[PDB]
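What follows is a single structure, written as structure tokens, with notes after it.
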6 protein chains.
Amino acid sequence: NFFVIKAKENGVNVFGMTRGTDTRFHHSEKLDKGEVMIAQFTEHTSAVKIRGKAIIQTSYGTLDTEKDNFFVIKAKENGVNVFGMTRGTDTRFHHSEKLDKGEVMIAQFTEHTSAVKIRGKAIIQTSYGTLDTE
Amino acid sequence: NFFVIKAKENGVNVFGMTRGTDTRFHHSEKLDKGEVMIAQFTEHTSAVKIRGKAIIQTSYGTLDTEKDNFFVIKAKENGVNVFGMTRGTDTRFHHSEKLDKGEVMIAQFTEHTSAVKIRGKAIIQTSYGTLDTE
Amino acid sequence: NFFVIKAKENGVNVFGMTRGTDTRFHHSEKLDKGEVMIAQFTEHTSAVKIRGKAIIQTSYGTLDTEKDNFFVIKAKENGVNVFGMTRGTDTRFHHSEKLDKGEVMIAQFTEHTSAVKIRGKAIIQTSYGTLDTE
Amino acid sequence: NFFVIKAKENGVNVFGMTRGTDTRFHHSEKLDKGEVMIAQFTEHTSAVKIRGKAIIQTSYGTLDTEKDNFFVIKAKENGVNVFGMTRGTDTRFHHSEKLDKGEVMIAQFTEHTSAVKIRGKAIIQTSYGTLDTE
Amino acid sequence: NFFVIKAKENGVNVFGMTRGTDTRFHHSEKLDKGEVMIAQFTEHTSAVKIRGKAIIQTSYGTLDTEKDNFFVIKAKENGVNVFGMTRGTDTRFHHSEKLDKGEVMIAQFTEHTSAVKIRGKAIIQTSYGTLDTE
Amino acid sequence: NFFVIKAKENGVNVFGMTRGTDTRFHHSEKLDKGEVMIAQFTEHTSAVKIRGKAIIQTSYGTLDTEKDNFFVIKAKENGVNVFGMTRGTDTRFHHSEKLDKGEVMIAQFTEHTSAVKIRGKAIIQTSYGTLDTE
Ligand SMILES: N[C@@H](Cc1c[nH]c2ccccc12)C(=O)O
Ligand SMILES: N[C@@H](Cc1c[nH]c2ccccc12)C(=O)O
Ligand SMILES: N[C@@H](Cc1c[nH]c2ccccc12)C(=O)O
Ligand SMILES: N[C@@H](Cc1c[nH]c2ccccc12)C(=O)O
Ligand SMILES: N[C@@H](Cc1c[nH]c2ccccc12)C(=O)O
Ligand SMILES: N[C@@H](Cc1c[nH]c2ccccc12)C(=O)O
Ligand SMILES: N[C@@H](Cc1c[nH]c2ccccc12)C(=O)O
Ligand SMILES: N[C@@H](Cc1c[nH]c2ccccc12)C(=O)O
Ligand SMILES: N[C@@H](Cc1c[nH]c2ccccc12)C(=O)O
Ligand SMILES: N[C@@H](Cc1c[nH]c2ccccc12)C(=O)O
Ligand SMILES: N[C@@H](Cc1c[nH]c2ccccc12)C(=O)O
Ligand SMILES: N[C@@H](Cc1c[nH]c2ccccc12)C(=O)O
């Protein structure tokens, strides 16, 4: 699995996330207008966070952040939260990522994640189709 | 395999079921209006139970509970029962789940289940197509 | 592989068949009007026999018994026989199942079966298409 | 891989062929009008010979003998021969099967066969399409 | 992978090529008008050479020599050469096959071949599409 | 995976790139007008560089350099750079390839590459679709 990022403006930032028990931020790369980034989901990276006006293009389709197994989340309005639920005998929220308007999160189901919870006004995409919370 | 749950109202409840010889209830998660839950079928979870007005979306299609290998069951009217039949030399009902109107059950065929029996007025979906008991 | 059975009347009976050298009957389950049965082909079960007015639905399509690798046989008229031919150096009929009108038999090719013989007026379905003896 | 045989007349005969170095005839089964035979290609059987008015139905399509990796040969006129060429360092004809008008031969590529030669007026079918010698 | 050869004239010749470090000619078979040859690519044979008026039919499509991973080469005019480039740390031409008008070469990428070079007026076919040098 | 190169002019040059920690140039082959080159991505070669008027044809489609998992880059204007980002715990640019106008680079994601960065005016193609930086 892999995705594409194109920047419609300067300052677009792409964050990496660590795979495993610990969910922390992997140092980021900056994209200027016209620059393109193509990346895969690897052993060390299982999720990413995209901030700024950008074109995100994946196997499911194309997304425009400026306009109003793995899955995609887009924030229609500040206050969106994504919870990761632990795989195994116990179910608990081991990570809570906050998404601001225009931010996009791409994540996979991992050894430590088998379920997630999304809150607030957001756009969600999946292999089967797209879903709107509002 | 994975599914999607969206809540059209507050109080929507999603139950997990234990995989193995014992069929009991796995502690549940609550969803408010606009919240979304994406989950997989795992080693410890092989079936789920959904209660309340919700949009259930799977590989086979989309279901609306409010309106009138794995499979889906929806209850058109109280009194629906789902029996699990034991895999192996002997065939017996090792579990009997009751479904009320609007409740949806998503289950897989497991090491301990190779056949099920559905009773009453219900809507059933499968990879091959949809089926109505009435 | 799995199939679906729905009953259009009371008294519908579904028989299981033992996989292996011995071909005998596995104790049956009864279905009333509106009841649905979903079952797989397993290590111990490799064929089934369906009797009564029912809707049989499989990967190949849907069958109605009331109207006039694995395969399906339906009897248009009493006197239909299905012979199982032994896999290996020798070819002999190790089992002879009789089908009455409206009865449906679903069977797979197994370690002990690599060829079958059908006699009389019957309807046959396969992955490639449907066939009528008459 | 498997095929279907239906008889449009009495006396239809189906021959089996031995897989391995030796290519000889496996004792045959007889089909009367309306009888159907469904068989697979197995360790001991890798080719068959069909004689008489019959409907031969395979993954590639349906054939009518009466009218004017594996492959199919039909004889439009007596004198058709099928040669089997040895797999390995040497290429020689280790078997020569003669086909009369209306006879159909279904064969696979085996450990001992990697090429065949067809002579005379015949109809040939393959996964990619059909071919006529005349 | 396998191909089909049909002869539109007498004297059609099919050559085999040895797989491995050494690229030499494998003794040939002759085809008369109406004769058909079906062959596979094997451990010992990885390429073939076809000479004369013939119908060559493959997974990609059908070719007519008389008219004006694996690949196909056809010569529109004498002087066509096909070079085989060595797989590994070094790149060198270990074989140079000459093709006359109407001759067709079918070859695979092997342990010793990972790249080829074609010169002159020729027609080339591949899984993705057809290509003309002129 | 494999690609096709055809030359619309003399002097077209194709460069190979070494797979592994070290990213250096593999000695090149020259193509004259009408010549065709078909090559695979191998253990020792994971990327190529194409210079001159040529037709590049791949699984995704056909490209014309003269006109204005693996991916393709084309330069609309001098100054295009492609950075390779290291797979593993650390992210750094271990190689920076410069592309002039009309030059085309075809590269795969390898054990040492899991992400790339493209700068300037360029055309990018991927399995999912095409992308333009301008
Ligand atoms: N470390 C987590 C990262 C992760 C995966 N999916 C997520 C969903 C939400 C938040 C974090 C995650 C994991 O590999 O499982
Ligand atoms: N720990 C649970 C998480 C889970 C999976 N599916 C669920 C459905 C509902 C609630 C929790 C879950 C498991 O891996 O099985
Ligand atoms: N513990 C059971 C759960 C189950 C699977 N399918 C079912 C159908 C009905 C009721 C329970 C189940 C199992 O893993 O087999
Ligand atoms: N114990 C049986 C259950 C079963 C499978 N298929 C059936 C069909 C009908 C009745 C029972 C069954 C088995 O695993 O084989
Ligand atoms: N015991 C038999 C059952 C069977 C399979 N296919 C059949 C066809 C006809 C009659 C019986 C069978 C077997 O496993 O091989
Ligand atoms: N015992 C034979 C059965 C068989 C296979 N294909 C056939 C075709 C015709 C008659 C018998 C057969 C075998 O396994 O090879
Ligand atoms: N014994 C031969 C049978 C055979 C296969 N393909 C054939 C084609 C023609 C004649 C015989 C055959 C084999 O297994 O190889
Ligand atoms: N003995 C040869 C047979 C063969 C394969 N492909 C061919 C093409 C032409 C002639 C003979 C052959 C081999 O296995 O390689
Ligand atoms: N002996 C060579 C034969 C070959 C394969 N592809 C070719 C292309 C051109 C010429 C010869 C070949 C090999 O197996 O690799
Ligand atoms: N020896 C080289 C051959 C090669 C592959 N791809 C190429 C592209 C261009 C030139 C040569 C090559 C290799 O196996 O890697
Ligand atoms: N040696 C590098 C070559 C490479 C792959 N992808 C690239 C992208 C850009 C530049 C170089 C590369 C590798 O195998 O990983
Ligand atoms: N070293 C990182 C590279 C990487 C993968 N995906 C990314 C997304 C953004 C930034 C860097 C990355 C890894 O293999 O996981």
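Chain labels A, B, ... are given in the sequence in which chains occur in the structure tokens; within each chain residues are numbered consecutively from 1, and ligands are likewise numbered from 1 in the order shown.
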How would you report the residues lying within 8 Å of ligand 5, as number ranges by chain, if you count only C-alpha atoms and all ligand atoms? C: 17-24, 45-47, 82-85, 95-97, 107-113, 115-116
Grab me every residue within 12 Å of ligand 10, counting only C-alpha atoms and all ligand atoms, and send it over as JSON, numbers by chain. {"E": [84, 85, 86, 87, 88, 89, 90, 91, 92, 93, 94, 109, 110, 111, 112, 113, 114, 115, 116, 117], "F": [1, 2, 3, 4, 5, 13, 14, 15, 16, 17, 18, 19, 20, 25, 26, 27, 28, 29, 30, 31, 37, 38, 39, 40, 41, 42, 43, 44, 45, 46, 47, 48, 49, 50, 105, 106, 107]}
Taking the DSSP secondary structure from the backbone, can you list the residues of chain E that are strand (DSSP E), as a ChimeraX atom specification? /E:2-7,12-18,25-31,36-40,45-51,54-57,62-64,70-75,80-86,93-99,104-108,113-119,122-125,130-132
Coordinates-based distance that separates CA of residue 66 in chain B from atom 9 (C, counted along the ligand's line) of ligand 3 (Å, one decimal): 22.7 Å
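Straight-line separation from CA of residue 79 in chain F to CA of residue 100 in chain F: 6.4 Å.
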Could you give me, as a ChimeraX atom specification, the residues within 12 Å of residue 61 in chain A, counting only C-alpha atoms and dropping anything in the same chain fewer than 2 positions from it? /A:3-4,55-59,63-64,71-72,124-130 /F:127-129
